[PDB]
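Trainee: Sharing work32.cif, mmCIF, C-alpha atoms; chains and numbers go by the auth columns:
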```
data_my_file
#
loop_
_atom_site.group_PDB
_atom_site.id
_atom_site.type_symbol
_atom_site.label_atom_id
_atom_site.label_comp_id
_atom_site.label_asym_id
_atom_site.label_seq_id
_atom_site.Cartn_x
_atom_site.Cartn_y
_atom_site.Cartn_z
_atom_site.B_iso_or_equiv
_atom_site.auth_seq_id
_atom_site.auth_asym_id
ATOM 1 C CA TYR A 1 -17.814 20.410 37.003 0.00 1 A
ATOM 2 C CA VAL A 2 -15.057 18.148 35.544 0.00 2 A
ATOM 3 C CA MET A 3 -13.835 14.973 37.349 0.00 3 A
ATOM 4 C CA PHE A 4 -11.090 12.895 35.627 0.00 4 A
ATOM 5 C CA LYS A 5 -11.952 9.174 36.038 0.00 5 A
ATOM 6 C CA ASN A 6 -10.779 5.762 34.609 0.00 6 A
ATOM 7 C CA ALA A 7 -7.677 6.898 32.641 0.00 7 A
ATOM 8 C CA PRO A 8 -4.622 4.518 32.836 0.00 8 A
ATOM 9 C CA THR A 9 -1.911 6.935 31.530 0.00 9 A
ATOM 10 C CA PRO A 10 0.700 4.376 30.099 0.00 10 A
ATOM 11 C CA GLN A 11 -1.576 2.171 27.849 0.00 11 A
ATOM 12 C CA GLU A 12 -0.611 -0.418 25.163 0.00 12 A
ATOM 13 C CA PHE A 13 -2.414 -1.845 22.063 0.00 13 A
ATOM 14 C CA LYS A 14 -1.429 -3.971 19.007 0.00 14 A
ATOM 15 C CA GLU A 15 0.073 -2.631 15.711 0.00 15 A
ATOM 16 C CA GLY A 16 -2.693 -2.378 13.060 0.00 16 A
ATOM 17 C CA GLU A 17 -5.479 -3.013 15.664 0.00 17 A
ATOM 18 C CA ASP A 18 -8.612 -0.974 16.565 0.00 18 A
ATOM 19 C CA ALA A 19 -7.342 0.772 19.729 0.00 19 A
ATOM 20 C CA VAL A 20 -9.026 3.225 22.128 0.00 20 A
ATOM 21 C CA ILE A 21 -7.357 5.729 24.487 0.00 21 A
ATOM 22 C CA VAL A 22 -8.973 5.303 27.921 0.00 22 A
ATOM 23 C CA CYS A 23 -9.662 8.709 29.515 0.00 23 A
ATOM 24 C CA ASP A 24 -13.004 9.150 31.359 0.00 24 A
ATOM 25 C CA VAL A 25 -13.954 12.644 32.580 0.00 25 A
ATOM 26 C CA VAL A 26 -17.203 13.818 34.214 0.00 26 A
ATOM 27 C CA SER A 27 -17.451 17.277 32.601 0.00 27 A
ATOM 28 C CA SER A 28 -20.688 19.353 33.123 0.00 28 A
ATOM 29 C CA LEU A 29 -22.673 18.192 29.967 0.00 29 A
ATOM 30 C CA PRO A 30 -22.631 20.377 26.730 0.00 30 A
ATOM 31 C CA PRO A 31 -18.753 20.835 26.501 0.00 31 A
ATOM 32 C CA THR A 32 -16.260 17.870 26.286 0.00 32 A
ATOM 33 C CA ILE A 33 -12.544 16.838 26.285 0.00 33 A
ATOM 34 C CA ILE A 34 -9.890 17.652 23.615 0.00 34 A
ATOM 35 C CA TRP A 35 -7.299 15.073 22.443 0.00 35 A
ATOM 36 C CA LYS A 36 -3.957 16.884 21.822 0.00 36 A
ATOM 37 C CA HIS A 37 -0.296 15.768 21.176 0.00 37 A
ATOM 38 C CA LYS A 38 0.561 13.069 18.527 0.00 38 A
ATOM 39 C CA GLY A 39 -1.630 14.906 15.975 0.00 39 A
ATOM 40 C CA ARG A 40 -2.100 18.517 17.384 0.00 40 A
ATOM 41 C CA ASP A 41 -5.885 18.690 18.224 0.00 41 A
ATOM 42 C CA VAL A 42 -7.235 15.479 16.566 0.00 42 A
ATOM 43 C CA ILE A 43 -10.887 16.768 16.893 0.00 43 A
ATOM 44 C CA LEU A 44 -10.077 19.382 14.159 0.00 44 A
ATOM 45 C CA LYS A 45 -8.633 16.911 11.573 0.00 45 A
ATOM 46 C CA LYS A 46 -10.907 13.861 12.292 0.00 46 A
ATOM 47 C CA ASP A 47 -8.710 11.446 10.220 0.00 47 A
ATOM 48 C CA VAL A 48 -10.275 8.192 8.857 0.00 48 A
ATOM 49 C CA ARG A 49 -8.879 6.287 11.927 0.00 49 A
ATOM 50 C CA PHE A 50 -9.997 8.557 14.857 0.00 50 A
ATOM 51 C CA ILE A 51 -13.485 8.141 16.423 0.00 51 A
ATOM 52 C CA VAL A 52 -13.985 9.784 19.870 0.00 52 A
ATOM 53 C CA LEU A 53 -16.658 7.815 21.846 0.00 53 A
ATOM 54 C CA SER A 54 -19.558 9.274 23.921 0.00 54 A
ATOM 55 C CA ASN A 55 -17.495 8.425 27.078 0.00 55 A
ATOM 56 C CA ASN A 56 -14.604 10.791 25.920 0.00 56 A
ATOM 57 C CA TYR A 57 -12.305 7.926 24.716 0.00 57 A
ATOM 58 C CA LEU A 58 -10.261 7.983 21.426 0.00 58 A
ATOM 59 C CA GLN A 59 -10.837 4.931 19.150 0.00 59 A
ATOM 60 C CA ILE A 60 -7.796 5.033 16.828 0.00 60 A
ATOM 61 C CA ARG A 61 -8.382 2.478 14.011 0.00 61 A
ATOM 62 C CA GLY A 62 -5.219 0.419 13.381 0.00 62 A
ATOM 63 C CA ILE A 63 -3.078 2.385 15.961 0.00 63 A
ATOM 64 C CA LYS A 64 0.253 2.444 13.985 0.00 64 A
ATOM 65 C CA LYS A 65 3.529 1.951 15.952 0.00 65 A
ATOM 66 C CA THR A 66 4.491 5.543 14.884 0.00 66 A
ATOM 67 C CA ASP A 67 1.285 7.149 16.353 0.00 67 A
ATOM 68 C CA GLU A 68 2.162 6.093 19.968 0.00 68 A
ATOM 69 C CA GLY A 69 3.726 8.405 22.614 0.00 69 A
ATOM 70 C CA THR A 70 1.580 10.660 24.847 0.00 70 A
ATOM 71 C CA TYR A 71 -1.990 11.816 24.022 0.00 71 A
ATOM 72 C CA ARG A 72 -3.036 14.791 26.214 0.00 72 A
ATOM 73 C CA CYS A 73 -6.641 14.691 27.513 0.00 73 A
ATOM 74 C CA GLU A 74 -8.020 18.265 27.856 0.00 74 A
ATOM 75 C CA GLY A 75 -11.452 18.398 29.616 0.00 75 A
ATOM 76 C CA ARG A 76 -12.758 21.856 28.542 0.00 76 A
ATOM 77 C CA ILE A 77 -15.967 23.835 29.263 0.00 77 A
ATOM 78 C CA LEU A 78 -16.984 26.964 27.258 0.00 78 A
ATOM 79 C CA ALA A 79 -19.947 28.126 29.461 0.00 79 A
ATOM 80 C CA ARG A 80 -17.868 28.060 32.682 0.00 80 A
ATOM 81 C CA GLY A 81 -14.427 28.532 30.895 0.00 81 A
ATOM 82 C CA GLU A 82 -12.601 25.536 32.468 0.00 82 A
ATOM 83 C CA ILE A 83 -9.398 23.851 31.138 0.00 83 A
ATOM 84 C CA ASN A 84 -8.458 20.581 32.958 0.00 84 A
ATOM 85 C CA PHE A 85 -6.069 17.969 31.402 0.00 85 A
ATOM 86 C CA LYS A 86 -3.435 15.188 31.891 0.00 86 A
ATOM 87 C CA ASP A 87 -0.804 13.273 29.796 0.00 87 A
ATOM 88 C CA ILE A 88 -1.822 9.722 28.703 0.00 88 A
ATOM 89 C CA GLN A 89 1.083 7.573 27.365 0.00 89 A
ATOM 90 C CA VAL A 90 0.147 5.198 24.493 0.00 90 A
ATOM 91 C CA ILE A 91 2.462 2.419 23.194 0.00 91 A
ATOM 92 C CA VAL A 92 1.862 0.157 20.131 0.00 92 A
#
```
Show me, as structure tokens, the structure contained in the file I just sent.
Mentor:
Amino acid sequence: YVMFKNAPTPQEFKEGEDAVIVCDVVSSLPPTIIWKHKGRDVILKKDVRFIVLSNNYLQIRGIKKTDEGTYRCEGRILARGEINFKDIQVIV
């Protein structure tokens, strides 16, 4: 299944700091979440300042004031084709 937990939508970090986007989701196990908006699928570019943690969070290194807005969490499963999501606002 997929249960969205611990995800304060409007978050806030410091300019040039190591930030993380809080978005916990209890997806089945093999699949995972997809970070969209403010980058268009970050998991496909994997810039030098984007490290998704094992708990489905997004550690943006530096978090520039121009990369803030609304990151969309997309909990997705390929075995049991599921597409859950929500808009997380990030300010910096």
Trainee: Please work out which residues fall within 6 Å of (-6.0, 18.7, 24.2), coordinates as given in the file, with all atoms listed in the file counting, and return them as a list in words.
Mentor: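 The residues near that point, listed by chain and number, are residues 34, 35, 36, 41, 72, 73 and 74 of chain A.
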Trainee: Residues within 8 Å of residue 84 (chain A), please, as an MDAnalysis selection string. Count only C-alpha atoms; anything in the same chain fewer than 4 positions from it doesn't count.
Mentor: chainID A and resid 2 74:76
Trainee: Using all atoms listed in the file, which residues sit within 10 Å of region 54-58 of chain A once same-chain residues fewer than 4 positions away are excluded, as an NGL selection string?
Mentor: :A and (7 or 19-27 or 32-35 or 42-43 or 49-50 or 71 or 73 or 75)
Trainee: Around the point (-5.7, -0.1, 12.3) (coordinates from the file), which residues reach within 12 Å if we count all atoms listed in the file? Answer as an NGL selection string.
Mentor: :A and (13-20 or 48-50 or 59-67 or 92)
Trainee: I need the residues from that last selection saved to file as a PDB file, in the frame of the given file (with C-alpha atoms), if you can.
Mentor:
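result_9.pdb, freshly written:
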```pdb
ATOM      1  CA  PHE A  13      -2.414  -1.845  22.063  1.00  0.00           C
ATOM      2  CA  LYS A  14      -1.429  -3.971  19.007  1.00  0.00           C
ATOM      3  CA  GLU A  15       0.073  -2.631  15.711  1.00  0.00           C
ATOM      4  CA  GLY A  16      -2.693  -2.378  13.060  1.00  0.00           C
ATOM      5  CA  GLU A  17      -5.479  -3.013  15.664  1.00  0.00           C
ATOM      6  CA  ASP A  18      -8.612  -0.974  16.565  1.00  0.00           C
ATOM      7  CA  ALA A  19      -7.342   0.772  19.729  1.00  0.00           C
ATOM      8  CA  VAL A  20      -9.026   3.225  22.128  1.00  0.00           C
ATOM      9  CA  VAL A  48     -10.275   8.192   8.857  1.00  0.00           C
ATOM     10  CA  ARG A  49      -8.879   6.287  11.927  1.00  0.00           C
ATOM     11  CA  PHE A  50      -9.997   8.557  14.857  1.00  0.00           C
ATOM     12  CA  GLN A  59     -10.837   4.931  19.150  1.00  0.00           C
ATOM     13  CA  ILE A  60      -7.796   5.033  16.828  1.00  0.00           C
ATOM     14  CA  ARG A  61      -8.382   2.478  14.011  1.00  0.00           C
ATOM     15  CA  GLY A  62      -5.219   0.419  13.381  1.00  0.00           C
ATOM     16  CA  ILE A  63      -3.078   2.385  15.961  1.00  0.00           C
ATOM     17  CA  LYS A  64       0.253   2.444  13.985  1.00  0.00           C
ATOM     18  CA  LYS A  65       3.529   1.951  15.952  1.00  0.00           C
ATOM     19  CA  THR A  66       4.491   5.543  14.884  1.00  0.00           C
ATOM     20  CA  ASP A  67       1.285   7.149  16.353  1.00  0.00           C
ATOM     21  CA  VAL A  92       1.862   0.157  20.131  1.00  0.00           C
TER      22      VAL A  92
END
```
Trainee: Please compute the CA of residue 3 (chain A)-CA of residue 77 (chain A) distance, one decimal, in Å.
Mentor: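 Computing the Euclidean distance for CA of residue 3 (chain A) and CA of residue 77 (chain A) yields 12.2 Å.
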Trainee: Please indicate the distance in Å from CA of residue 80 (chain A) to CA of residue 4 (chain A), rounded to one decimal place.
Mentor: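 Straight-line distance from CA of residue 80 (chain A) to CA of residue 4 (chain A) works out to 16.9 Å.
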